[PDB]
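Some notes on the structure that comes next.
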Amino acid sequence: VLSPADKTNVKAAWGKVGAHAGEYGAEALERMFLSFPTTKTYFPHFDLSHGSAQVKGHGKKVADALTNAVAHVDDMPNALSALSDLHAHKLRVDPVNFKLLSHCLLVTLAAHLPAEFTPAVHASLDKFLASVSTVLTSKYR
Amino acid sequence: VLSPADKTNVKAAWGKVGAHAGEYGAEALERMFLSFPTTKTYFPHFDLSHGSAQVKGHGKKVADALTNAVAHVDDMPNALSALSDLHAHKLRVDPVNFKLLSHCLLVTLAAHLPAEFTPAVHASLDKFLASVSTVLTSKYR
Amino acid sequence: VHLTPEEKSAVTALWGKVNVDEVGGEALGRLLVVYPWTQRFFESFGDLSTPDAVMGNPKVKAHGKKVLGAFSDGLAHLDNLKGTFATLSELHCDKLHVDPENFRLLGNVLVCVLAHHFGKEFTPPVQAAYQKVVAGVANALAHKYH
Amino acid sequence: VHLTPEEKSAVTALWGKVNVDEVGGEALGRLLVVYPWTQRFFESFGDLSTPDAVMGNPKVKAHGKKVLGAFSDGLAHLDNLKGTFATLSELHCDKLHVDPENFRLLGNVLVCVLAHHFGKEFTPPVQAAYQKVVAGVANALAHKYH
Ligand code: HEM
Ligand code: HEM
Ligand code: HEM
Ligand code: HEM
């Protein structure tokens, strides 16, 4: 869970992301694929080339999910239930990869929110993404 | 999260620590100081020598904070709000340390309760200590 | 990295009592049960459907014997883990893409297995000694990563 | 580790635009704010009581310049970070006992700071390049642990 100020910061940064979330999502996947090539093995049937249609489409999916988590910050475990079975149980994504994507999201956010990516906001965004990551790597029958 | 089976398993196995809680609690601590001497710097005023009374003593406390975490599993974050302010906020214990003591607790239990320490039970215990650790490193207060 | 001659002879003494055809499978089967994402690295090993399937899986027991051996070779020459493991590091990193944090987990799962089997005999100091062996192995394997 | 020739050019070029008096300060302070347990290592620096006190603490700001000085040095010696940072490794591992995972964290927050200040110019390829640098630096610093 997030403090009341963390929730205010995340909503401030993400509100500024706005209509561009899908674009930023694709950018963050790209940054992750280039910075940490190992991450690409989770997408063997994907065309991960620069500007590929599949990456932009996957960026949208990730951004849309993150926007939903934001609007359900106090019940992500329920709002994201289906993504955990998918990433943890079916895809078996090694937990280490969430920190790479999370880091790349922060990095994308920084390069796009000159003014709002303050130290406090940065700490907030980080805890939010770690919280989201935490839910996606859980597995309770 | 802690699925029914994890909970059933932890309660099953911890409810076997019995009168040995402080014994095992102290042994795990000794195991931690000896194996990762860096952990000892968090106790600069303790006599951490082999059979020290302060370690036996602090052993008990650790043991009890766990028993209460068991019987509070669906709401551990609450039966421990105080320990988190203590370990994270006040003492600044680097998170990697909770993984070292958690590993030492597993070892003490495996070394004492072979037949309880089964692969599935090992798995649920580890998932528990991990959640306890997550909470002890928490931010919300 | 550096075991005292006392710890060194301590690991060596206990290892000599280790059932070689079994401890490895134990440690591997347990790594898969406890950190399920590891299963993804051995999906070709067949039935990994449940904890019991994993523990009784034969491709998992055989591989486990291979893992115990590499550990034995490290223990046989604690002074040159890098060397002994150079090609092993290559394979795990370049060919298998195993994040190195997992080497630490397998090492610690092995430690738990030793404890489970030698009981009271796996004392804190023996454990301390094994932690250095296991850390050094995990490090020599992560070498081709840097 | 190993930056291709274009990644090395790109990293060196972006670096000439870095404000050397601030970047280190911002990154160090952000580490203390974003990862609170790292504050324990800097208790003697004074006010670290709130996020704003950390970001405004001037001993943290000045120590940041030295931290940056070290990254600049590692940068000028990309093919020999181990020896460039050997004495520093000694200090951080043997005397300060900083868990190495924090070396990764700092490199990563320095990356966020770079992205923050340069915006769009901090391209995915430039990021990937700095990620090799920052990883190299964290690995050399952790050497005395291996
Ligand atoms: C901020 C964290 C993340 C979010 C919110 C997220 C979100 C999503 C969403 C919305 C989907 C689509 C699910 C569907 O199609 O029904 C998805 C798919 C996927 N995700 Fe993630 N994801 C995250 C972390 C990760 C990580 C770290 C990896 C591996 C580096 C990963 C690998 C995948 C894969 C392989 C797919 C399936 C792609 C396919 O084959 O169609 N995700 N994710
Ligand atoms: C399962 C993990 C842990 C549990 C359940 C736990 C539990 C406790 C409890 C119950 C207390 C005594 C509180 C009181 O009576 O005021 C305490 C204090 C403390 N713990 Fe932990 N703890 C855990 C992990 C750690 C770790 C990993 C470290 C450091 C390596 C650590 C460092 C401390 C310290 C330094 C104190 C204060 C001791 C003093 O100066 O009196 N704890 N802990
Ligand atoms: C840190 C100690 C480890 C040791 C001592 C070790 C040792 C070995 C050895 C001896 C081999 C066989 C190579 C050959 O016969 O040519 C091997 C293969 C392999 N290892 Fe490891 N390993 C370790 C950790 C890891 C971890 C943690 C993973 C995954 C999380 C892993 C995954 C693999 C895979 C997938 C192969 C088998 C490939 C196949 O036959 O299909 N290893 N390892
Ligand atoms: C990963 C890149 C890092 C580099 C390049 C680096 C570099 C530096 C430099 C150049 C010094 C100066 C000598 C001195 O003050 O004694 C130093 C000192 C120190 N570093 Fe770092 N460091 C890094 C990460 C870390 C981390 C993550 C921590 C803490 C979690 C840390 C804690 C310290 C401390 C406590 C000293 C302070 C000595 C004093 O009190 O004056 N460093 N570092």
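Each ligand, and each atom within it, is numbered from 1 in the order the structure gives. A, B, ... follow the sequence lines: proteins, then strands. Residue 1 opens every chain. What's counted below: heavy atoms across the whole structure, side chains too, no hydrogens, waters or symmetry copies.
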Touching ligand 3 at all, C/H63? Heavy atoms, strictly under 4.0 Å?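 True for this residue.
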Atoms of ligand 2, numbered as shown, that sit under 4.0 Å from any heavy atom of B/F46: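 Heavy-atom distances to B/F46 below 4.0 Å select 38 (C), 39 (C), 40 (O), 41 (O).
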Out of [options], whose heavy atom sits nearest [atom]?
| atom | options | result |
| --- | --- | --- |
| atom 22 (N) of ligand 3 | C/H97, C/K95, C/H92, C/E43 | C/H92 |
| atom 35 (C) of ligand 1 | A/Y42, A/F128, A/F98 | A/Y42 |
| atom 13 (C) of ligand 3 | C/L96, C/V137, C/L91 | C/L91 |

Look at atom 16 (O) of ligand 1 and say whether a protein heavy atom is found at less than 4.0 angstrom from it.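 False for atom 16 (O) of ligand 1.
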Within-cutoff protein neighbour (heavy atom, under 4.0 Å) for atom 38 (C) of ligand 3: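 It does not; no protein heavy atom is within 4.0 Å.
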Considering only heavy atoms, does C/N102 approach ligand 3 within less than 4.0 Å through its side chain, its backbone, both, or neither?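 Both the backbone and the side chain of C/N102 come within reach of ligand 3.
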I need the protein N, O or S atoms closer than 2.8 Å to atom 21 (Fe) of ligand 1, given as residue plus atom name.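 Listed by chain and number, the atoms are A/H87 NE2.
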Need the ligand 3 atom indices (1-based, order shown) with element for anything under 4.0 Å from a heavy-atom of C/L106.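 So the answer, numbered in order with elements, is 2 (C), 3 (C), 23 (C), 24 (C).
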Looking only at protein heavy atoms, which one is nearest to [atom], and how far off is it?
| atom | answer |
| --- | --- |
| atom 1 (C) of ligand 1 | A/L105 CD1, 3.9 Å |
| atom 32 (C) of ligand 1 | A/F43 CZ, 3.5 Å |
| atom 30 (C) of ligand 1 | A/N97 CB, 3.5 Å |

Check if B/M32 has a non-hydrogen atom at a distance under 4.0 Å from any atom of ligand 2.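 Checking ligand 2 against B/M32, which is what was asked, there is a heavy-atom contact under 4.0 Å.
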Is there any salt bridge (charged side-chain N to carboxylate O under 4.0 Å, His left out) pair reaching into residues 77-101 of chain A, and which pairs are they, with sequence neighbours excluded?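 Those involving residues 77-101 of chain A do not exist here.
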With a 3.5 Å cut-off and no angle check, do the side chains of B/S138 and B/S84 form a donor-acceptor pair?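 No pair is found: no donor N or O on one side chain lies under 3.5 Å from an acceptor on the other.
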Assess the side chains of B/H89 and B/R141: does a donor N or O sit below 3.5 Å from an acceptor N or O?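 The answer is no; no qualifying pair exists.
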I'd like to know if A/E27 and A/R31 make a salt bridge, using a cut-off of under 4.0 Å between side-chain N and carboxylate O.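 A salt bridge links A/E27 with A/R31.
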